[PDB]
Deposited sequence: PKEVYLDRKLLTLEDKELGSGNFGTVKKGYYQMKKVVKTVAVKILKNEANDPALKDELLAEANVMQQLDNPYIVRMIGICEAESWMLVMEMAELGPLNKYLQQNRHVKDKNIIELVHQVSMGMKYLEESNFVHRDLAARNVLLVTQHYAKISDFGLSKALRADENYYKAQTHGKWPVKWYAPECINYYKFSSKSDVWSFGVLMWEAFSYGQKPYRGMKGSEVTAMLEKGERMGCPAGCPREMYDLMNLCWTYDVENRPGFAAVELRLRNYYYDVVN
């Protein structure tokens, strides 16, 4: 547990939500570290605790690191600061970013997901809004509130909450089954979002209308300026049958090779 005397919080919020607010802060460790703090009904407790318990077990450069928990006037989840914030919003305001720079960022997301897959964790909310930027050339995965550590004997989680259908693979909607392969579908949508400079996927459509579109074999089109090799990867991520769909090892490899070629 973190010491409240060591934590200094800035006045205004970086953002907010149902849970509460996200404030900037500084945690004294001789070297003072800049931090992001999630500040908050036992439902919110269990969700912040479960997110904390997932982040504790993770150690990778492309996944936001947890510093610790601080009980004070409220419950606080103190993390590394991704100063530039949500990838979608960043791109919504910076169209100068080249396609080579976007490939670097999505590849970095695929490396973080390669590690999550090997660690047998499922994210279940992979979207451009949850990829936070440290610098313009350094992204990290965030928001582990819906994430699940898979049991040693199974390859998926069977869900019984939040329901972002537009990032969800068919097996999730039909059978409520979430695996690393489901995250790969979400990653595909995430790439589309990145190459469309933060625009929303399937705009104007209801969840049921997205499901019908996909069940007809229809997919989203190629965003303006998006390379062909990257668009062919999106479609590979959106393989309907979970068996034929690639894992993050094959997805990460595909992004690595094209980036350096």
Checklist outcome for this item: Check: deposited residues absent from the model (no CA) fall at 1-4, 34, 46-50, 171-172, 274-276
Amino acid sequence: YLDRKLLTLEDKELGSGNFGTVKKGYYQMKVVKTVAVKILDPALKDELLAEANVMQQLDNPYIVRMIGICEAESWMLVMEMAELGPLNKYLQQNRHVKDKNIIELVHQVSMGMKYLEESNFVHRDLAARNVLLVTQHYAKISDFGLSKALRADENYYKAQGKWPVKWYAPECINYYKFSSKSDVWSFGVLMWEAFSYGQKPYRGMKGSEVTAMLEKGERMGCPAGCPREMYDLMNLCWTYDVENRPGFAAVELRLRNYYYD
From here on, numbers count along this sequence of modelled residues.
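Superpose the two forms; the largest set of C-alphas matching within 1.5 Å is the rigid core.
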Item to check | Farther-lying stretch by C-alpha RMS in 9 other deposited structures of this protein (rigid core fit) among 72-80, 129-137 | outcome: 72-80
Checklist entry - In at least one third of the other PDB entries compared, is residue 188 left unmodelled? => result no
Item to check | Other entries modelling both neighbours but not residue 161, at least a third | outcome: yes
Checklist entry - Per the PDB record, is the mean Cα temperature factor higher over 94-102 or over 126-134? => result 94-102
Item to check | Mean C-alpha temperature factor, higher of 200-208 and 41-49 | outcome: 41-49
Checklist outcome for this item: From 86, 170, 112, 161, the top C-alpha temperature factor is at 161
Checklist entry - Which of these has the highest Cα B-factor in the record: 187, 75, 121, 144? => result 75
Item to check | Chain-relative CA temperature factor third for residue 239 | outcome: lowest
Item to check | Chain thirds of CA B-factor: placement of residue 17 | outcome: highest
Checklist entry - Going by the entry, which third of its chain does the Cα temperature factor of residue 219 land in? => result lowest
Next on the checklist: Among the modelled residues of this chain, does the Cα B factor of residue 117 put it in the lowest, middle or highest third?
Outcome noted: middle
Checklist entry - Would the CA B-factor of residue 183 place it in the lowest, middle or highest third of its chain? => result lowest
